[PDB]
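Text of work.txt, listed as compact mmCIF, N, CA and C atoms:
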# COMPACT_ATOMS: atom_id res chain seq x y z
N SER F 1 107.81 101.81 75.10
CA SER F 1 108.27 100.85 74.14
C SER F 1 109.72 101.31 74.06
N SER F 2 110.59 100.54 74.72
CA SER F 2 112.02 100.79 74.87
C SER F 2 112.62 99.51 75.46
N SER F 3 113.90 99.55 75.85
CA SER F 3 114.56 98.39 76.39
C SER F 3 114.48 98.37 77.92
N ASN F 4 113.65 97.43 78.35
CA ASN F 4 113.46 96.96 79.72
C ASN F 4 112.51 95.79 79.46
N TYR F 5 112.60 94.76 80.28
CA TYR F 5 111.84 93.54 80.08
C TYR F 5 110.35 93.78 79.90
N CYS F 6 109.68 94.57 80.73
CA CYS F 6 108.24 94.74 80.55
C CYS F 6 107.91 95.37 79.22
N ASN F 7 108.57 96.44 78.81
CA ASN F 7 108.28 97.08 77.53
C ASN F 7 108.51 96.10 76.39
N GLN F 8 109.59 95.31 76.47
CA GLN F 8 109.88 94.31 75.45
C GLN F 8 108.85 93.20 75.41
N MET F 9 108.59 92.55 76.54
CA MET F 9 107.67 91.41 76.54
C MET F 9 106.22 91.75 76.31
N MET F 10 105.78 92.91 76.80
CA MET F 10 104.41 93.32 76.59
C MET F 10 104.21 93.54 75.09
N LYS F 11 105.25 94.03 74.42
CA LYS F 11 105.15 94.26 72.99
C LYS F 11 105.16 92.92 72.29
N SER F 12 106.20 92.09 72.50
CA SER F 12 106.30 90.78 71.84
C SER F 12 105.10 89.88 72.01
N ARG F 13 104.51 89.86 73.20
CA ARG F 13 103.37 89.02 73.40
C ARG F 13 102.06 89.66 72.99
N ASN F 14 102.12 90.74 72.19
CA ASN F 14 100.93 91.36 71.60
C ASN F 14 99.98 91.95 72.63
N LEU F 15 100.52 92.52 73.69
CA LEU F 15 99.65 93.17 74.67
C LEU F 15 99.68 94.67 74.44
N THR F 16 100.75 95.23 73.90
CA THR F 16 100.78 96.67 73.73
C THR F 16 100.99 97.07 72.31
N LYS F 17 100.67 96.19 71.38
CA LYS F 17 100.83 96.57 69.99
C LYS F 17 99.70 97.51 69.59
N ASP F 18 98.52 97.40 70.19
CA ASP F 18 97.42 98.26 69.78
C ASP F 18 96.71 99.02 70.88
N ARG F 19 97.31 99.09 72.05
CA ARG F 19 96.79 99.78 73.22
C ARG F 19 97.92 99.68 74.24
N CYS F 20 97.82 100.40 75.35
CA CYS F 20 98.75 100.23 76.44
C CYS F 20 97.92 99.50 77.49
N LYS F 21 98.33 98.33 77.98
CA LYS F 21 97.54 97.59 78.94
C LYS F 21 98.02 98.06 80.31
N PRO F 22 97.24 98.44 81.36
CA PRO F 22 97.79 98.99 82.60
C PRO F 22 98.75 98.10 83.37
N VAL F 23 98.40 96.83 83.58
CA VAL F 23 99.24 95.98 84.42
C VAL F 23 99.24 94.60 83.77
N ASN F 24 100.30 93.83 83.92
CA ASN F 24 100.31 92.45 83.49
C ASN F 24 101.39 91.69 84.29
N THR F 25 101.15 90.45 84.70
CA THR F 25 102.17 89.65 85.36
C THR F 25 102.68 88.55 84.47
N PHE F 26 104.00 88.34 84.47
CA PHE F 26 104.62 87.20 83.78
C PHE F 26 105.16 86.23 84.82
N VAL F 27 104.97 84.91 84.65
CA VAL F 27 105.43 83.90 85.62
C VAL F 27 106.60 83.18 84.99
N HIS F 28 107.70 83.12 85.75
CA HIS F 28 108.93 82.51 85.24
C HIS F 28 109.11 81.16 85.89
N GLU F 29 108.23 80.26 85.48
CA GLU F 29 108.20 78.88 85.94
C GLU F 29 107.84 78.04 84.74
N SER F 30 108.02 76.72 84.74
CA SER F 30 107.69 75.92 83.58
C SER F 30 106.18 75.94 83.42
N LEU F 31 105.68 75.94 82.18
CA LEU F 31 104.25 75.90 81.98
C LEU F 31 103.53 74.78 82.71
N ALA F 32 104.04 73.56 82.77
CA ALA F 32 103.31 72.49 83.45
C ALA F 32 103.29 72.71 84.96
N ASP F 33 104.29 73.35 85.57
CA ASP F 33 104.22 73.65 86.99
C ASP F 33 103.20 74.74 87.23
N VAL F 34 103.00 75.70 86.33
CA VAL F 34 101.92 76.67 86.49
C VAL F 34 100.58 75.96 86.29
N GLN F 35 100.45 75.05 85.32
CA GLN F 35 99.20 74.31 85.14
C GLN F 35 98.91 73.39 86.32
N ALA F 36 99.93 72.88 87.04
CA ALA F 36 99.75 72.07 88.25
C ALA F 36 99.01 72.82 89.36
N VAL F 37 98.96 74.18 89.39
CA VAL F 37 98.25 74.93 90.43
C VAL F 37 96.75 74.63 90.40
N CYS F 38 96.14 74.26 89.28
CA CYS F 38 94.72 73.97 89.24
C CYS F 38 94.32 72.78 90.08
N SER F 39 95.23 72.01 90.66
CA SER F 39 94.80 70.97 91.56
C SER F 39 95.43 71.23 92.91
N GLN F 40 95.84 72.46 93.20
CA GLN F 40 96.45 72.77 94.49
C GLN F 40 95.44 73.39 95.49
N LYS F 41 95.66 74.46 96.25
CA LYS F 41 94.71 74.91 97.27
C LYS F 41 93.52 75.64 96.67
N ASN F 42 92.34 75.06 96.75
CA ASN F 42 91.14 75.70 96.27
C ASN F 42 90.73 76.88 97.13
N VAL F 43 90.49 78.01 96.51
CA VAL F 43 90.12 79.21 97.23
C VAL F 43 89.00 79.89 96.42
N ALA F 44 88.30 80.87 97.03
CA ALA F 44 87.26 81.64 96.34
C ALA F 44 87.98 82.67 95.48
N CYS F 45 87.42 83.04 94.35
CA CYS F 45 88.04 84.05 93.51
C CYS F 45 87.52 85.36 94.05
N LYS F 46 88.15 86.50 93.74
CA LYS F 46 87.66 87.83 94.11
C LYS F 46 86.16 88.07 93.94
N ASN F 47 85.64 87.42 92.91
CA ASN F 47 84.25 87.51 92.52
C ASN F 47 83.37 86.49 93.24
N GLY F 48 83.87 85.83 94.27
CA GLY F 48 83.10 84.84 95.00
C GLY F 48 83.10 83.47 94.36
N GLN F 49 83.25 83.32 93.03
CA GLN F 49 83.23 82.00 92.40
C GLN F 49 84.38 81.15 92.91
N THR F 50 84.22 79.84 92.98
CA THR F 50 85.21 79.03 93.65
C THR F 50 86.09 78.18 92.76
N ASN F 51 86.43 78.61 91.55
CA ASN F 51 87.30 77.79 90.72
C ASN F 51 88.67 78.43 90.69
N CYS F 52 89.08 79.00 91.82
CA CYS F 52 90.39 79.59 91.89
C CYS F 52 91.21 78.69 92.76
N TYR F 53 92.52 78.69 92.52
CA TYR F 53 93.49 77.84 93.20
C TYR F 53 94.75 78.63 93.46
N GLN F 54 95.30 78.39 94.61
CA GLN F 54 96.45 79.11 95.08
C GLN F 54 97.64 78.19 95.13
N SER F 55 98.80 78.60 94.62
CA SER F 55 99.96 77.76 94.62
C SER F 55 100.48 77.51 96.01
N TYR F 56 100.95 76.28 96.23
CA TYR F 56 101.54 75.90 97.50
C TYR F 56 102.81 76.66 97.82
N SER F 57 103.63 76.88 96.79
CA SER F 57 104.89 77.58 96.94
C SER F 57 104.81 78.95 96.22
N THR F 58 105.79 79.84 96.46
CA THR F 58 105.92 81.08 95.72
C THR F 58 106.61 80.73 94.41
N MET F 59 106.35 81.57 93.43
CA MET F 59 106.87 81.43 92.09
C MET F 59 107.50 82.76 91.72
N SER F 60 108.50 82.71 90.86
CA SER F 60 109.19 83.89 90.36
C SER F 60 108.28 84.65 89.39
N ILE F 61 107.99 85.90 89.65
CA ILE F 61 107.08 86.62 88.78
C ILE F 61 107.67 87.98 88.49
N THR F 62 107.29 88.62 87.38
CA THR F 62 107.62 90.02 87.12
C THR F 62 106.29 90.74 86.93
N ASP F 63 106.05 91.75 87.76
CA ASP F 63 104.90 92.63 87.60
C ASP F 63 105.27 93.78 86.66
N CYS F 64 104.44 94.10 85.68
CA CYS F 64 104.66 95.17 84.72
C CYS F 64 103.55 96.14 84.97
N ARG F 65 103.83 97.40 85.29
CA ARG F 65 102.75 98.33 85.63
C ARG F 65 103.05 99.63 84.87
N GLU F 66 102.08 100.18 84.15
CA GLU F 66 102.27 101.40 83.41
C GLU F 66 102.69 102.56 84.28
N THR F 67 103.67 103.35 83.89
CA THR F 67 104.00 104.56 84.64
C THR F 67 102.92 105.62 84.45
N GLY F 68 102.88 106.66 85.27
CA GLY F 68 101.94 107.76 85.14
C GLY F 68 102.15 108.50 83.81
N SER F 69 103.37 108.44 83.31
CA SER F 69 103.77 109.09 82.07
C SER F 69 103.56 108.26 80.80
N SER F 70 102.79 107.19 80.86
CA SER F 70 102.65 106.35 79.70
C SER F 70 101.43 106.77 78.89
N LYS F 71 101.61 106.88 77.57
CA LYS F 71 100.50 107.16 76.67
C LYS F 71 100.70 106.44 75.35
N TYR F 72 99.70 105.72 74.86
CA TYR F 72 99.75 105.14 73.53
C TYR F 72 100.05 106.25 72.53
N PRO F 73 100.92 106.05 71.55
CA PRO F 73 101.64 104.79 71.31
C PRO F 73 102.84 104.39 72.15
N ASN F 74 103.38 105.26 72.99
CA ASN F 74 104.59 104.94 73.72
C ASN F 74 104.30 104.43 75.11
N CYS F 75 103.87 103.19 75.24
CA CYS F 75 103.62 102.61 76.55
C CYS F 75 104.95 102.52 77.29
N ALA F 76 104.90 102.73 78.60
CA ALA F 76 106.07 102.67 79.44
C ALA F 76 105.67 101.95 80.71
N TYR F 77 106.53 101.06 81.19
CA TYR F 77 106.24 100.16 82.28
C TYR F 77 107.26 100.19 83.39
N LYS F 78 106.85 100.16 84.66
CA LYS F 78 107.76 99.92 85.76
C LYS F 78 107.80 98.40 85.90
N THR F 79 109.03 97.83 86.05
CA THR F 79 109.28 96.39 86.17
C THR F 79 109.56 96.00 87.63
N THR F 80 108.83 95.10 88.28
CA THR F 80 109.11 94.71 89.66
C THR F 80 109.13 93.20 89.70
N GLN F 81 110.26 92.65 90.06
CA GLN F 81 110.42 91.21 90.15
C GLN F 81 110.15 90.80 91.60
N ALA F 82 109.47 89.68 91.81
CA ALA F 82 109.11 89.19 93.13
C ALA F 82 108.88 87.68 93.06
N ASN F 83 108.72 87.05 94.21
CA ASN F 83 108.44 85.63 94.33
C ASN F 83 107.18 85.60 95.16
N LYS F 84 106.09 85.14 94.61
CA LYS F 84 104.80 85.23 95.25
C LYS F 84 103.97 83.99 94.94
N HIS F 85 102.95 83.70 95.75
CA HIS F 85 102.02 82.62 95.49
C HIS F 85 101.12 83.15 94.40
N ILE F 86 100.75 82.37 93.40
CA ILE F 86 99.87 82.90 92.37
C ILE F 86 98.50 82.28 92.60
N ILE F 87 97.44 82.98 92.24
CA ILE F 87 96.12 82.45 92.35
C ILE F 87 95.60 82.54 90.94
N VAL F 88 95.12 81.42 90.41
CA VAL F 88 94.59 81.34 89.06
C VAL F 88 93.19 80.74 89.08
N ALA F 89 92.34 81.13 88.12
CA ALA F 89 91.03 80.54 87.97
C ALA F 89 91.19 79.49 86.90
N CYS F 90 90.59 78.32 87.10
CA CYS F 90 90.75 77.18 86.21
C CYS F 90 89.45 76.72 85.58
N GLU F 91 89.52 76.30 84.32
CA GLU F 91 88.36 75.81 83.59
C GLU F 91 88.86 74.86 82.54
N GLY F 92 87.87 74.11 82.10
CA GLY F 92 88.04 73.18 81.02
C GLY F 92 88.42 71.79 81.48
N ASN F 93 88.67 71.05 80.42
CA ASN F 93 89.21 69.73 80.54
C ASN F 93 90.14 69.69 79.35
N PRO F 94 91.46 69.60 79.56
CA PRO F 94 92.09 69.54 80.88
C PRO F 94 91.84 70.83 81.67
N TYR F 95 91.68 70.72 83.00
CA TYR F 95 91.44 71.84 83.89
C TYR F 95 92.71 72.67 83.87
N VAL F 96 92.73 73.80 83.18
CA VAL F 96 93.96 74.55 83.04
C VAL F 96 93.65 75.96 83.46
N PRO F 97 94.66 76.76 83.82
CA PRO F 97 94.51 78.16 84.14
C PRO F 97 93.96 78.94 82.94
N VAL F 98 92.91 79.72 83.14
CA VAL F 98 92.40 80.61 82.12
C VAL F 98 92.50 82.06 82.61
N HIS F 99 92.61 82.40 83.90
CA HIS F 99 92.75 83.80 84.33
C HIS F 99 93.69 83.93 85.51
N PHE F 100 94.42 85.03 85.65
CA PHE F 100 95.29 85.27 86.79
C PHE F 100 94.39 86.03 87.76
N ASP F 101 94.21 85.60 89.01
CA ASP F 101 93.32 86.30 89.94
C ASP F 101 94.10 87.18 90.91
N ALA F 102 95.39 86.87 91.16
CA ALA F 102 96.28 87.64 92.03
C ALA F 102 97.60 86.91 92.31
N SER F 103 98.49 87.57 93.06
CA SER F 103 99.73 87.03 93.59
C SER F 103 99.73 87.46 95.07
N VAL F 104 100.30 86.64 95.97
CA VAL F 104 100.24 86.81 97.42
C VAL F 104 101.50 86.43 98.23
N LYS I 1 91.34 80.07 66.19
CA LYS I 1 91.43 81.31 66.92
C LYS I 1 91.92 80.88 68.29
N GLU I 2 92.11 81.84 69.18
CA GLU I 2 92.80 81.62 70.43
C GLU I 2 91.86 81.24 71.55
N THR I 3 92.10 80.07 72.12
CA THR I 3 91.33 79.65 73.28
C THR I 3 91.71 80.48 74.50
N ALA I 4 90.91 80.42 75.56
CA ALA I 4 91.20 81.18 76.77
C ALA I 4 92.45 80.64 77.44
N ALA I 5 92.69 79.34 77.31
CA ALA I 5 93.89 78.75 77.88
C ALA I 5 95.11 79.21 77.10
N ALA I 6 95.08 79.28 75.76
CA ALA I 6 96.20 79.77 74.93
C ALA I 6 96.50 81.24 75.26
N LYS I 7 95.44 82.04 75.43
CA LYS I 7 95.56 83.44 75.77
C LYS I 7 96.18 83.61 77.15
N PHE I 8 95.81 82.84 78.18
CA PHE I 8 96.49 82.93 79.47
C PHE I 8 97.99 82.70 79.27
N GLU I 9 98.39 81.71 78.49
CA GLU I 9 99.80 81.39 78.27
C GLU I 9 100.56 82.47 77.51
N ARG I 10 100.00 82.99 76.41
CA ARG I 10 100.63 84.09 75.68
C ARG I 10 100.75 85.30 76.60
N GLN I 11 99.77 85.61 77.43
CA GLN I 11 99.86 86.81 78.23
C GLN I 11 100.67 86.64 79.49
N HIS I 12 100.78 85.43 80.03
CA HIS I 12 101.38 85.25 81.35
C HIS I 12 102.50 84.26 81.52
N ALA I 13 102.79 83.39 80.57
CA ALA I 13 103.79 82.37 80.79
C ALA I 13 105.13 82.82 80.25
N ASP I 14 106.21 82.76 81.01
CA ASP I 14 107.52 83.03 80.44
C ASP I 14 108.44 82.00 81.04
N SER I 15 108.21 80.81 80.51
CA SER I 15 108.93 79.59 80.83
C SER I 15 110.30 79.70 80.18
So that I can check it, write out the structure of this file as structure tokens.
Amino acid sequence: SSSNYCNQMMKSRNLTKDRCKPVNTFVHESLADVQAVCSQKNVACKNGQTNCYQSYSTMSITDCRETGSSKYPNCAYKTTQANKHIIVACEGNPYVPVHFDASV
Amino acid sequence: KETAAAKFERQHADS
């Protein structure tokens, strides 16, 4: 919990206020373009279930991963920015992303 | 309370 994007955003979005979460990805694309992936390339999810979808294009993402030296209360994150295809699992109506399955 | 779709957005969207 210091100044770097992952430590800041993980805190603000209530992911590390009461625990240190090991890894989390943030997508820097408009919400409706991320929701548009639910009608893009259908693929199997890691768990075999088939409600996962892979984006046609790469998207700007930041991976946040806890350092070996991180301990609650002072979570610490390595920040890695990349452009990757995201795979999300979709449910509901409207069919919207409910889980991040990976980036590729 | 928070739906699974709202939770995906709070945890992963940075539009």
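Ranking F:40, F:96, F:77, F:88 by their shortest atom-to-atom distance to residue 63 in chain F, with only C-alpha atoms included, puts F:77 first.
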- Query: Which residues, written as a PyMOL selection string, have at least one atom at most 6.5 Å from residue 14 in chain I, with all atoms listed in the file counted and residues fewer than 2 positions away on the same chain left out?
  - Reply: (chain F and resi 26-30) or (chain I and resi 12)
- Select all residues near (98.0, 77.2, 100.0) (cut-off 8 Å, inclusive, file coordinates), counting only N, CA and C atoms, and output them as JSON, numbers by chain. {"F": [40, 41, 42, 53, 54, 55, 56, 57]}
- Query: Near chain F, which residues of chain I fall within 7 Å when you count only C-alpha atoms, and what do they look like as a PyMOL selection string?
  - Reply: chain I and resi 4-5+8+10-15
- Message: So the first atom is CA of residue 22 in chain F and the second is CA of residue 64 in chain F; what is the distance between them in Å, to one decimal place?
- Response: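 About the pair CA of residue 22 in chain F and CA of residue 64 in chain F: they are 8.1 Å apart.
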Which centre and which edge lengths, in Å to one decimal, describe the axis-aligned box that holds all listed atoms of range 45-52 of chain F after 4 Å is added on each side, as AutoDock Vina command-line options?
--center_x 87.2 --center_y 82.9 --center_z 92.8 --size_x 16.1 --size_y 18.3 --size_z 12.3
- Message: Residues of chain F classed as strand (DSSP E or B) by DSSP on the backbone are to be reported as a ChimeraX atom specification.
- Response: /F:23-27,41-43,52-54,59-66,71,74,77-84,86-91,96-103
- Task: Figure out the distance between CA of residue 37 in chain F and CA of residue 101 in chain F, please, to one decimal in Å.
- Result: 12.4 Å
- Query: Any idea what the distance is between atom C of residue 82 in chain F and atom C of residue 1 in chain F?
  - Reply: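 These two atoms are separated by 23.4 Å.
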- All helix (DSSP H, G or I) residues (DSSP, backbone) inside chain I, as a list in words: residues 4, 5, 6, 7, 8, 9, 10, 11 and 12 of chain I
